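Presented below is the structure to which this report refers.
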Number of protein chains: 2
Amino acid sequence: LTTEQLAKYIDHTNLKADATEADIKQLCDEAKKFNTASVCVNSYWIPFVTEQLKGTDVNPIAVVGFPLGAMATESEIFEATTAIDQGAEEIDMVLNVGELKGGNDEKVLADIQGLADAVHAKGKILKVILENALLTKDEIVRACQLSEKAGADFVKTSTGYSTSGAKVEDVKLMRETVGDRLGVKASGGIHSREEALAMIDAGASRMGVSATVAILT
Amino acid sequence: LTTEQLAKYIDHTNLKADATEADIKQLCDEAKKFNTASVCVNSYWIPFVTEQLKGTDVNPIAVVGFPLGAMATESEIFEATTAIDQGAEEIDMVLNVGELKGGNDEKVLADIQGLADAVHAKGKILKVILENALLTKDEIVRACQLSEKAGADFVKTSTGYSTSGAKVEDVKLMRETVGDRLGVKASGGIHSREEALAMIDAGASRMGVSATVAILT
C-alpha cells in the first residue's frame with residue numbers, strides 16, 4: 001500500500017466536544033493534503049466542512065445519534081437527512097445497544113432500517129457503529145446480521161467514547177459475518193501505520209482515524 | 001434535609017449507551033419509590049418513561065444533542081420538540097463547547113436561543129450543560145452569561161462523559177454568575193449523601209444523580 005492508496009481507506013476524523021472552528025479547518029486542510037476518503041465530523045460542522053472541501057474529492061460525512069445510539073429513531077433520521085442535505089455523503093449511525101442487549105431485535109432492526117431507508121432515498125450510504133466494547137461476541141455477530149438485514153452498507157467497530165476501540169479479532173469476526181456484502185470500518189485507537197495495516201488485514205475496508213498525519217507520514 | 005426533600009432536588013438518571021428496557025423500568029421504579037423530581041433519559045426512552053410515570057408526580061425529562069453538544073441546532077430542536085411532545089417536561093441540552101472555546105459567542109448564543117424558543121413555546125424548561133471540565137473558569141462565567149442571554153432556565157455542570165463532573169467551586173461560581181435568575185444543576189460524579197448536600201450548599205437547586213439509591217438509603 002502506497003501512502004496515497006492508504007489514504008483512500010481513511011475517514012479523517014475529529015469528533016471531540018471541544019473542537020473549534022480552527023480545529024475543524026485544520027482537519028479539512030489535512031484531509032485535502034493527503035487526499036483521504038472523507039472528513040468525519042459531528043453534524044453541526046457539516047456546512048463548514050462541505051465549504052472547506054468544495055471542489056475536492058474528499059467527502060464530508062457525519063455521525064448521527066452519536067456516540068450513545070439512544071436517540072429516538074425519528075430524531076436520528078432528521079439529523080441524518082438534514083446533514084445529507086447540507087453536504088454529508090455518508091452517515092455513521094450508532095446501534096441501539098440497549099435494545100440489542102435487551103434482545104429486542106425487532107426494535108434494533110426498525111431503528112437501523114429507518115436510517116437505511118432515509119439515507120438510501122437520498123442516494124447515500126449508511127454505516128452502523130456496533131460499539132464492540134459493550135457487546136458479547138454473539139452480540140457482535142447478531143448486530144452485524146441485523147445491520148445487513150436492515151440494509152446498512154457498513155458495520156463499524158467503535159465510537160471512541162467507550163472502554164475500547166477496534167480490535168483485530170473483532171474486525172475479523174465482523175468481516176466473516178458480513179462476508180463481502182457490507183464494508184467493515186475499523187475505528188478507535190488506531191495510532192500507527194502498522195496498526196492501520198493490521199486492521200486492513202483483519203478485514204477492514206475503511207478506517208476512522210484521528211492520527212492520520214502521523215500514520216501517512 | 002429529610003430523604004423526601006433531598007429526593008425533590010434529584011433528576012434520577014441513567015444515560016448509559018447499554019441501558020436496557022429493564023434498566024429504564026428500574027430507573028422509573030426507583031424514582032417513584034423515592035419520589036424524585038424527575039427521571040432523566042436519552043430521547044429514545046421518553047415514550048416508555050412517560051408511560052411508567054403516568055399518574056405520578058415524577059417528570060420525564062430528556063437530554064438532547066448529548067453528550068457532545070455538536071449536533072446541528074435544527075436537529076437538536078427536532079429532537080427536543082419530539083421529546084417534549086412524547087412526554088418530556090424539561091430538556092437538558094449541551095453547550096456548543098467548541099464555539100465557546102473558539103470565541104464564536106454569536107454562534108453559541110444562536111444555538112441555545114433556538115432550543116430555548118422551541119422548549120418555551122411548549123411551556124417547558126431548558127437546562128444548558130456547560131461541561132465545566134472542558135472550560136476555563138472565565139469560560140464557565142461567560143457560558144453562564146450566554147446561557148442566560150439565550151433564555152435558558154438552568155445552567156448545568158456536566159455530562160459525565162468528560163474528565164470530571166460537578167465541583168463545589170464550579171457550582172458556587174455558576175450560582176454567583178446567574179444569581180437567583182436561573183437554576184443551577186450539579187451533575188456528574190455525585191456519589192454520596194454528603195456530596196449531594198455539599199452541592200446544595202454550594203448553590204445547586206437541582207442535581208443529576210445516577211447513584212441515587214445509595215444516596216437516599
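Following the order of the C-alpha cells, first chain is A, next is B, and so on, with residues numbered from 1 inside each chain and ligands from 1 in the order they appear.
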
Near chain A, which residues of chain B fall within 6 Å when you count only C-alpha atoms, and what do they look like as JSON, numbers by chain?
{"B": [17, 18, 19, 20, 42, 43, 44, 68, 70, 71, 72, 75, 79, 97, 98, 99, 102]}

Output N, CA and C atoms for every residue in the selection just made, as a PDB file, in the first residue's frame.
ATOM      1  N   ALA B  17     -25.187   4.018  27.332  1.00  0.00           N
ATOM      2  CA  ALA B  17     -25.499   3.564  25.976  1.00  0.00           C
ATOM      3  C   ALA B  17     -26.029   2.140  25.962  1.00  0.00           C
ATOM      4  N   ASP B  18     -25.665   1.353  26.973  1.00  0.00           N
ATOM      5  CA  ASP B  18     -26.134  -0.032  27.017  1.00  0.00           C
ATOM      6  C   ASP B  18     -27.317  -0.274  27.966  1.00  0.00           C
ATOM      7  N   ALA B  19     -27.978   0.792  28.410  1.00  0.00           N
ATOM      8  CA  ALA B  19     -29.151   0.630  29.282  1.00  0.00           C
ATOM      9  C   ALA B  19     -30.301  -0.082  28.557  1.00  0.00           C
ATOM     10  N   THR B  20     -30.819  -1.156  29.155  1.00  0.00           N
ATOM     11  CA  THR B  20     -31.905  -1.913  28.544  1.00  0.00           C
ATOM     12  C   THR B  20     -33.264  -1.392  28.982  1.00  0.00           C
ATOM     13  N   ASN B  42     -32.107   9.358  27.736  1.00  0.00           N
ATOM     14  CA  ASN B  42     -31.913   9.720  26.337  1.00  0.00           C
ATOM     15  C   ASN B  42     -33.259   9.676  25.612  1.00  0.00           C
ATOM     16  N   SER B  43     -33.379  10.400  24.504  1.00  0.00           N
ATOM     17  CA  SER B  43     -34.701  10.620  23.909  1.00  0.00           C
ATOM     18  C   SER B  43     -35.451   9.375  23.431  1.00  0.00           C
ATOM     19  N   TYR B  44     -34.719   8.312  23.107  1.00  0.00           N
ATOM     20  CA  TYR B  44     -35.351   7.074  22.675  1.00  0.00           C
ATOM     21  C   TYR B  44     -36.310   6.546  23.740  1.00  0.00           C
ATOM     22  N   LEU B  68     -22.218  15.362  23.417  1.00  0.00           N
ATOM     23  CA  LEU B  68     -21.151  16.155  22.790  1.00  0.00           C
ATOM     24  C   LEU B  68     -21.487  17.621  22.477  1.00  0.00           C
ATOM     25  N   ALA B  70     -22.533  18.937  19.824  1.00  0.00           N
ATOM     26  CA  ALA B  70     -22.060  19.324  18.491  1.00  0.00           C
ATOM     27  C   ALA B  70     -23.020  18.852  17.405  1.00  0.00           C
ATOM     28  N   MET B  71     -24.285  18.716  17.787  1.00  0.00           N
ATOM     29  CA  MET B  71     -25.368  18.431  16.854  1.00  0.00           C
ATOM     30  C   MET B  71     -25.883  19.746  16.248  1.00  0.00           C
ATOM     31  N   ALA B  72     -26.226  19.717  14.961  1.00  0.00           N
ATOM     32  CA  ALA B  72     -26.765  20.899  14.290  1.00  0.00           C
ATOM     33  C   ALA B  72     -27.970  21.417  15.066  1.00  0.00           C
ATOM     34  N   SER B  75     -31.424  20.178  14.186  1.00  0.00           N
ATOM     35  CA  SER B  75     -31.624  18.782  14.562  1.00  0.00           C
ATOM     36  C   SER B  75     -31.836  18.631  16.076  1.00  0.00           C
ATOM     37  N   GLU B  79     -35.118  17.092  17.929  1.00  0.00           N
ATOM     38  CA  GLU B  79     -35.026  16.083  18.990  1.00  0.00           C
ATOM     39  C   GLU B  79     -35.777  16.567  20.237  1.00  0.00           C
ATOM     40  N   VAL B  97     -19.541  23.652  23.013  1.00  0.00           N
ATOM     41  CA  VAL B  97     -18.292  23.986  23.692  1.00  0.00           C
ATOM     42  C   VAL B  97     -17.236  24.477  22.696  1.00  0.00           C
ATOM     43  N   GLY B  98     -17.166  23.828  21.530  1.00  0.00           N
ATOM     44  CA  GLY B  98     -16.192  24.205  20.512  1.00  0.00           C
ATOM     45  C   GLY B  98     -16.338  25.649  20.056  1.00  0.00           C
ATOM     46  N   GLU B  99     -17.576  26.115  19.908  1.00  0.00           N
ATOM     47  CA  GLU B  99     -17.783  27.501  19.501  1.00  0.00           C
ATOM     48  C   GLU B  99     -17.452  28.474  20.631  1.00  0.00           C
ATOM     49  N   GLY B 102     -13.701  28.741  20.740  1.00  0.00           N
ATOM     50  CA  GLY B 102     -13.213  29.468  19.581  1.00  0.00           C
ATOM     51  C   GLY B 102     -13.652  30.923  19.560  1.00  0.00           C
TER      52      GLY B 102
END

Give me the residues near segment 116-120 of chain B as a PyMOL selection string, where near means some atom within 10 Å (using only C-alpha atoms) and where sequence neighbours in that chain fewer than 6 positions away do not count.
chain B and resi 76-78+80-81+84+89-91+93+110+126-128+147+150-153

For residue 177 of chain B, please output as a list in words all residues within 9 Å (counting only C-alpha atoms; exclusion window: fewer than 3 positions along the same chain).
residues 141, 142, 144, 145, 172, 173 and 174 of chain B

Given the selection you just returned, output its residues as a file containing C-alpha atoms, formatted as a PDB file, in the first residue's frame.
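The resulting selection.pdb:
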ATOM      1  CA  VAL B 141     -18.656  32.513  33.640  1.00  0.00           C
ATOM      2  CA  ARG B 142     -19.111  33.508  30.002  1.00  0.00           C
ATOM      3  CA  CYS B 144     -23.439  31.149  32.077  1.00  0.00           C
ATOM      4  CA  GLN B 145     -23.894  34.673  30.739  1.00  0.00           C
ATOM      5  CA  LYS B 172     -20.552  28.324  43.518  1.00  0.00           C
ATOM      6  CA  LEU B 173     -19.132  30.225  40.514  1.00  0.00           C
ATOM      7  CA  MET B 174     -22.197  29.361  38.414  1.00  0.00           C
TER       8      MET B 174
END

If you run DSSP over the backbone, which residues in segment 43-140 of chain B end up helix (DSSP H, G or I)? Put them as JSON, numbers by chain.
{"B": [43, 44, 45, 46, 47, 48, 49, 50, 51, 52, 53, 73, 74, 75, 76, 77, 78, 79, 80, 81, 82, 83, 84, 85, 97, 98, 99, 100, 101, 105, 106, 107, 108, 109, 110, 111, 112, 113, 114, 115, 116, 117, 118, 119, 120, 121, 132, 133, 134, 137, 138, 139, 140]}

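DSSP, applied to the backbone of this structure, assigns strand (DSSP E) to the following residues of segment 2-167 of chain A: residues 10, 11, 12, 13, 38, 39, 40, 41, 59, 60, 61, 62, 63, 90, 91, 92, 93, 94, 125, 126, 127, 128, 129, 154, 155 and 156 of chain A.
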
How many Å lie between atom CA of residue 184 of chain A and atom CA of residue 165 of chain A, rounded to one decimal?
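Spanning atom CA of residue 184 of chain A to atom CA of residue 165 of chain A is a straight-line distance of 13.8 Å.
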
Interatomic distance, atom CA of residue 12 of chain B to atom CA of residue 58 of chain B (Å, one decimal):
9.7 Å

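Atom CA of residue 158 of chain A is positioned 7.4 Å from atom CA of residue 186 of chain A.
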
Which polymer residues have any atom within 12 Å of an atom of residue 4 of chain B, counting only C-alpha atoms, with same-chain residues fewer than 5 positions away left out, as number ranges by chain?
B: 9-10, 31-37, 215-217

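Considering the residues A:125, A:143, A:200, A:211 and counting only C-alpha atoms, residue 30 of chain A has its shortest atom-to-atom contact with A:211.
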
Contacts of residue 183 of chain A at 10 Å (only C-alpha atoms; same-chain gap of 4+ positions) as a VMD selection string:
chain A and resid 127 152 to 156 174 to 175 178 to 179 203 to 206

Next, the residues of the selection above should be written as a compact mmCIF listing (two decimals), in the first residue's frame with C-alpha atoms.
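Contents of again-v6.txt, freshly written:
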# COMPACT_ATOMS: atom_id res chain seq x y z
CA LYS A 127 -22.51 2.75 8.44
CA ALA A 152 -26.80 -0.99 6.11
CA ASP A 153 -23.75 -0.54 3.87
CA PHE A 154 -21.03 -0.82 6.54
CA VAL A 155 -20.63 -2.12 10.07
CA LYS A 156 -18.21 -0.08 12.20
CA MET A 174 -17.40 -8.78 11.63
CA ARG A 175 -15.86 -9.44 8.19
CA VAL A 178 -20.98 -9.89 6.62
CA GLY A 179 -18.74 -11.55 4.04
CA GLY A 203 -10.76 -7.31 7.06
CA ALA A 204 -11.35 -3.56 7.35
CA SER A 205 -12.23 -1.78 4.09
CA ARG A 206 -12.37 1.66 5.73

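Residues surrounding residue 40 of chain A within 7 Å are residues 11, 12, 13, 14, 38, 60, 61 and 62 of chain A [only C-alpha atoms; sequence separation below 2 positions excluded].
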